[PDB]
């Protein structure tokens, strides 16, 4: 397990899990994707994994808006690293026009412990088709 929020991408995107009030301090945008619970803050509570697909344009749009503002963005769940990884991968796929394989590989290489479900991987396949159409 970690060592504080993890810088996973050069554009200052951070991955983590259930931070403290002290650990949320350096961030300008926070995305919380955990199931239950200064400045820009977003909270999605998907009970089911199948629900992510509808929120991908908005969520990846939010992340990209953060990088355009050159801001530190934190994306976290608990414990749990499936939905948040999926989200980061969906962002890379769209805004860096990279394949699912490459996007996953990039994130994997930096955050070894990630494992989105097969459900979420199929979701990302669906996302790719929607990007190429």
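Note that each Cβ is placed from the backbone with ideal geometry, even for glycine, and that neighbours are counted across all protein chains shown. Coordinate-derived values only; no laboratory data.
Answer yes if at least one residue in the stretch 66-84 is surrounded by 15 or more Cβ atoms within 10 Å (Cβ to Cβ), out of contact with any strand residue (DSSP E or B) (no Cβ under 9 Å at 6 or more places or on another chain) and closer than 17 Å to residue 117 by Cα, and no otherwise.
yes
How many residues does the stretch 10-54 contain that are part of a helix (DSSP H, G or I), more than 12 Å from the chain's Cα centre (by Cα) and surrounded by 11 or more Cβ atoms within 10 Å (Cβ to Cβ)?
Within the stretch 10-54, the first condition is being part of a helix (DSSP H, G or I), and the residues that meet it are 49-54.
Next, only the ones that are more than 12 Å from the chain's Cα centre (by Cα) stay: 49-51, 53-54.
When the remaining residues are screened for being surrounded by 11 or more Cβ atoms within 10 Å (Cβ to Cβ), the result is 49-51, 53.
Total meeting the criteria: 4.
For the stretch 87-107, what are the residues that are surrounded by fewer than 17 Cβ atoms within 10 Å (Cβ to Cβ) and either in a helix (DSSP H, G or I) or at positive phi (or both)?
Correct list: 95, 97, 101, 102, 105.
Scan 75, 63 and give me the residue that is touching a helix residue (DSSP H, G or I) at 6+ places or on another chain (Cβ under 6 Å), within 28 Å of residue 22 (Cβ to Cβ) and assigned to a strand (DSSP E or B).
On inspection, the qualifying residue turns out to be 75.
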